[PDB]
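Peer 1: Let me give you the structure first, and then I'll get to my questions.
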Amino acid sequence: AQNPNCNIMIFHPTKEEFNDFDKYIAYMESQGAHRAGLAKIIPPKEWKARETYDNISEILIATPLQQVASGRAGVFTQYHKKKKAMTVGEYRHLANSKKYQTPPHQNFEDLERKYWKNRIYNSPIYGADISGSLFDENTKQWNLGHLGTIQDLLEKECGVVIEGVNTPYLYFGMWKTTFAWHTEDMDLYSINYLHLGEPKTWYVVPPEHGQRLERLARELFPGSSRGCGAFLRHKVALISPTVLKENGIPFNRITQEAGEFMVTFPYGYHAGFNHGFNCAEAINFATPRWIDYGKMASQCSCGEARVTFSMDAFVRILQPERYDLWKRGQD
Ligand SMILES: O=C(O)CNC(=O)C(=O)O
Ligand SMILES: [Mg+2]
Ligand code: NI
Ligand SMILES: [Zn+2]
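Quick note: the sequence shown, position 3, residue 13 per the deposited numbering, numbers continuous.
Given below as C-alpha cells:
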C-alpha cells in the first residue's frame with residue numbers, strides 16, 4: 011500500500027505531465043497521495059497563471075466577512091459578521107494597516123505559534139467565496155475555470171444527465187483569516203491555487219481517520235453536536251494542532267506559497283489560516299473514485315449549512331433516501 015503513514019506529498023510535474031489534469035490526479039493517487047487528504051503541486055517553471063496581477067484592485071468584495079471568535083485559544087468557533095462592500099484595493103490597504111497586518115516574526119513556525127496563541131483576540135476580515143477567476147483565458151494547463159464539470163463526471167460514470175454548473179471562487183485573505191475544519195460539499199475534491207501574496211497554512215486529517223476528528227469535535231462542541239449530526243458542515247469550528255495531538259488525532263500540516271496548487275481529496279478534513287494579504291482561487295471537482303464518497307457523504311439537514319444550487323442534483327441522485335429531509339433543511 012503506497013504512503014501508509016498518510017504523509018502530505020509534494021509533486022513537481024514537468025510541462026508534459028501538466029497537460030492532462032485527470033491523468034495527473036490519477037498518477038498522484040497511484041503514489042498514495044490521497045491517503046494524506048491533501049497534496050501540494052508545484053507547477054513546472056515554464057508555466058504561468060496569468061501575465062501580471064497589476065490589474066486586480068478593481069474587483070469588488072461585495073460582502074466582506076469579519077470573523078469573530080468565541081471559546082478558548084485552541085478550541086473555538088467563529089461567526090461571520092457581514093461588512094460593507096469594498097474593492098480589492100481597499101481590502102489590501104486594510105490588510106496592510108497597523109490593526110490587521112502580519113506581526114513581526116522569525117519564520118512560519120513562529121507565526122503559527124502566534125496564530126494559535128492570539129487568533130481569538132482579533133476579528134480579521136475575509137473576502138470569501140467570490141464567483142470569478144484570475145486565470146488568463148490563454149492558460150491552457152491547470153486553469154481552474156476550464157476543468158471538466160462535476161455534472162459531466164456524474165453523467166459519464168452513472169449515465170444520468172443533471173442540471174447545475176460548477177465555477178471557481180476567489181478568496182482574498184489577510185493575517186489570521188481562518189478556514190474552519192470541514193470536508194468539501196458532498197465530500198468532493200477541491201483544488202486551490204494561491205495566486206499572489208502571503209502564504210496559507212493548512213492542517214489535514216487522513217480520510218481514513220476522518221471519523222476520529224468527528225468524534226472529537228462532538229466532544230469539544232457538545233451543544234453544536236446536539237443541534238446537528240453533521241455540524242462540521244457549518245464550517246465554524248476550530249481545533250488547534252496542540253489539541254489534536256493531546257487527543258491522539260492523526261493529522262499533518264503544510265504551508266502553501268504563492269504559485270502553488272493544493273488538492274484536497276474526498277473526505278479529507280482540512281482547516282487553516284492566511285499569513286497576510288493574499289488571493290486564492292478554488293473549485294471543487296470529481297473523479298470516478300469520488301462517486302463512492304459522494305454516496306456516503308454526511309449531510310446537514312438542520313438548516314445552517316445552506317449550499318449551492320448544484321448540490322441538489324448530487325443529493326437527489328446519489329442519496330435519494332436522504333433527499334427529502336436534506337431539501338427540507340434547504341427550504
Ligand atoms: O482557501 C480557503 O480559505 C479555504 N479553501 C479550502 O477549504 C479549499 O480550497 O478547499
Ligand atoms: Mg481590477
Ligand atoms: Ni475546503
Ligand atoms: Zn446542520
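Ideal Cβ positions, reconstructed from N, Cα and C, are used throughout, including at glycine.
Note down, in chain order, each residue of its chain lying with its Cβ closer than 8 Å to the Cβ of residue 194, except the 5 sequence neighbours on either side.
Peer 2: Residue numbering aside, residue 194 sits at position 184 when the sequence shown is read from its first letter. Closer than 8 Å at the Cβ level, and outside the excluded window around residue 194, lie 200, 274, 276, 294.
Peer 1: Name the two residues that bound the continuous beta strand (DSSP E) containing residue 280.
Peer 2: Residue 280 sits at position 270 when you count from the first residue of the sequence shown. 279 to 284 is the span of the beta strand (DSSP E), which, as asked, contains residue 280.
Peer 1: Pull the bridge partners of residue 77 from the DSSP assignment, please.
Peer 2: Position 67 of the sequence shown, counted from the start, is the residue given in the question as residue 77. Its beta-bridge partners are 90.
Peer 1: Taking only the alpha-carbon atoms, compute the straight-line gap between residue 292 and residue 204 and give it to the nearest angstrom.
Peer 2: Position 282 of the sequence shown holds residue 292. Position 194 of the sequence shown holds residue 204. Using only the alpha carbons, I get a separation of about 9 Å.
Peer 1: In the DSSP assignment, find the alpha helix (DSSP H) that holds residue 187 and state where it starts and stops.
Peer 2: Locating residue 187 in the sequence shown gives position 177, counting from the first residue. Counting along the chain, residue 187 falls outside any alpha helix (DSSP H), and DSSP gives it neither H nor E.
Peer 1: CB-CB under 7 Å to residue 307, same chain, minus the five flanking residues each way: which ones, in chain order?
Peer 2: One-based indexing of the sequence shown puts residue 307 at position 297. Around residue 307: 196, 197.
Peer 1: On a CA-only basis, which of 129, 328, 163, 280 is nearest residue 46? Give me that one, please.
Peer 2: Within the sequence shown, residue 46 is the residue found at index 36, counting from 1. Considering only alpha carbons, the answer is 280.
Peer 1: Roughly how many angstroms lie between the CA atoms of residue 43 and residue 254, to the nearest whole one?
Peer 2: Translated into the one-based positions of the sequence shown, residue 43 becomes position 33. Translated into the one-based positions of the sequence shown, residue 254 becomes position 244. Spanning the two alpha carbons is a distance of roughly 22 Å.
Peer 1: Is it a yes or a no for the stretch 311 to 318 touching the stretch 234 to 244, going by three-plus beta-carbon pairs under 8 Å?
Peer 2: Cβ pair count under 8 Å is three or more, so yes.
Peer 1: Could you compute how far the alpha carbon of residue 37 sits from the alpha carbon of residue 330?
Peer 2: One-based indexing of the sequence shown puts residue 37 at position 27. One-based indexing of the sequence shown puts residue 330 at position 320. Looking at the two C-alpha atoms, the distance is approximately 32 Å.
Peer 1: Among 227, 296, 93, 226, which has the Cα closest to the Cα of residue 175?
Peer 2: Position 165 of the sequence shown, counted from the start, is the residue given in the question as residue 175. Out of 227, 296, 93, 226, 296 has the C-alpha closest to the C-alpha of residue 175.
Peer 1: Less than 6 Å separating the Cβ of residue 18 from some heavy atom of ligand 2?
Peer 2: The sequence position of residue 18 within the sequence shown is 8, counting from 1. No - ligand 2 has no heavy atom lying nearer than 6 Å to the Cβ of residue 18.
Peer 1: So, at 7 Å on beta carbons, what are the nonlocal neighbours of residue 216 in its own chain, with the 5 sequence-adjacent residues on each side left out?
Peer 2: As a working note, residue 216 is residue 206 in the sequence shown. Here the set comprises 16, 45, 46, 47, 260.
Peer 1: Could you compute how far the alpha carbon of residue 221 sits from the alpha carbon of residue 40?
Peer 2: Along the sequence shown, read from residue 1 onward, the residue named residue 221 stands at position 211. Along the sequence shown, read from residue 1 onward, the residue named residue 40 stands at position 30. Near 24 Å, if we compare the C-alpha coordinates of residue 40 and residue 221.
Peer 1: Which class does residue 157 belong to by DSSP, given the choice of helix, strand or coil?
Peer 2: Numbered from its first residue, the sequence shown carries residue 157 at position 147. Three-state DSSP puts residue 157 in coil, outside helix and strand.
Peer 1: In whole angstroms, what is the alpha-carbon distance linking residue 310 and residue 80?
Peer 2: Within the sequence shown, the letter at position 300 stands for residue 310. Within the sequence shown, the letter at position 70 stands for residue 80. Answer to the nearest angstrom: the Cα atoms are 22 Å apart.
Peer 1: Note down the Cα distance separating residue 28 from residue 50, rounded to an integer number of angstroms.
Peer 2: Your numbering for residue 28 matches position 18 in the sequence shown. Your numbering for residue 50 matches position 40 in the sequence shown. Cα to Cα, residue 28 sits roughly 14 Å from residue 50.
Peer 1: Using the rule of at least 16 other Cβ atoms within 10 Å of the residue's Cβ for burial, across every protein chain shown, is residue 165 buried or exposed?
Peer 2: Along the sequence shown, read from residue 1 onward, the residue named residue 165 stands at position 155. That one is exposed.
Peer 1: Confirm, please, whether the CB-CB distance from residue 183 to residue 288 is below 7 Å.
Peer 2: The count along the sequence shown starts at 1 and reaches residue 288 at position 278. The count along the sequence shown starts at 1 and reaches residue 183 at position 173. Contact flag set, yes.
Peer 1: Count the other CB atoms, across all protein chains shown, that sit within 10 Å of the CB of residue 89; report buried if there are 16 or more and exposed otherwise.
Peer 2: Position 79 of the sequence shown, counted from the start, is the residue given in the question as residue 89. Residue 89 is exposed by the Cβ-count criterion.
Peer 1: Let me make sure I understand the geometry here. Which of 181, 249, 58, 320 has the alpha-carbon closest to that of residue 146?
Peer 2: In the sequence shown, the residue the question calls residue 146 occupies position 136. Minimum Cα distance to residue 146 is reached at 58.
Peer 1: For residue 148 and residue 26, I'd like the C-alpha separation in whole angstroms.
Peer 2: One-based indexing of the sequence shown puts residue 148 at position 138. One-based indexing of the sequence shown puts residue 26 at position 16. Roughly 17 Å between the two C-alpha positions.
Peer 1: Along the chain, where does the alpha helix (DSSP H) containing residue 237 start, and where does it finish?
Peer 2: Locating residue 237 in the sequence shown gives position 227, where the first residue counts as 1. From DSSP, the alpha helix (DSSP H) with residue 237 extends over 232 to 237.
Peer 1: Which runs of the beta strand (DSSP E) fall wholly inside the stretch 209 to 271 and span at least 3 residues, in chain order?
Peer 2: DSSP runs (the beta strand (DSSP E)) wholly in the stretch 209 to 271: 210 to 215, 247 to 249, 262 to 266.
Peer 1: Using the beta carbon as the reference atom, which residues fall closer than 7 Å to any heavy atom of ligand 2, ordered along the chain?
Peer 2: Those residues are 65, 66, 67, 68, 69, 98, given in chain order.
Peer 1: Residues with a Cβ closer than 6 Å to any heavy atom of ligand 4, in chain order?
Peer 2: Answer in sequence order: 238, 240, 241, 243, 244, 310, 312, 314, 315.
Peer 1: Thinking C-beta only, is residue 212 closer than 7 Å to residue 282?
Peer 2: Residue 282 sits at position 272 when you count from the first residue of the sequence shown. Residue 212 sits at position 202 when you count from the first residue of the sequence shown. In contact: residue 282 and residue 212 (Cβ atoms closer than 7 Å).
Peer 1: Is it the case that the stretch 92 to 105 contacts the stretch 155 to 169, given that we only count it when at least three CB pairs across the two stretches are under 8 Å?
Peer 2: They do not touch, by the three-pair rule.
Peer 1: So for residue 335, helix, strand or coil by DSSP?
Peer 2: Counting from 1 along the sequence shown, the entry for residue 335 is found at position 325. Here residue 335 sits in helix by DSSP.
Peer 1: Helix, strand or coil, according to DSSP, for residue 98 in the structure here?
Peer 2: Residue 98 sits at position 88 when you count from the first residue of the sequence shown. Helix, per DSSP.
Peer 1: Taking the Cβ atom as the reference point for each residue, do residue 112 and residue 70 lie within a distance shorter than 7 Å?
Peer 2: Position 102 of the sequence shown, counting from 1, holds the residue named residue 112. Position 60 of the sequence shown, counting from 1, holds the residue named residue 70. Going by C-beta atoms, residue 112 is not nearer than 7 Å to residue 70.
Peer 1: Kindly identify the DSSP beta-bridge partner or partners of residue 295.
Peer 2: Locating residue 295 in the sequence shown gives position 285, counting from the first residue. 199.
Peer 1: Sorry if obvious, but does the Cβ on residue 107 come closer than 6 Å to a heavy atom of ligand 5?
Peer 2: Absence of ligand 5 from the depicted structure is noted, with ligand 1, ligand 2, ligand 3 and ligand 4 being the only ligands included.
Peer 1: Measuring straight from C-alpha to C-alpha, what distance separates residue 334 and residue 177?
Peer 2: What you label residue 334 is simply residue 324 of the sequence shown in a count that begins at 1. What you label residue 177 is simply residue 167 of the sequence shown in a count that begins at 1. Cα to Cα, the separation comes out at about 26 Å.
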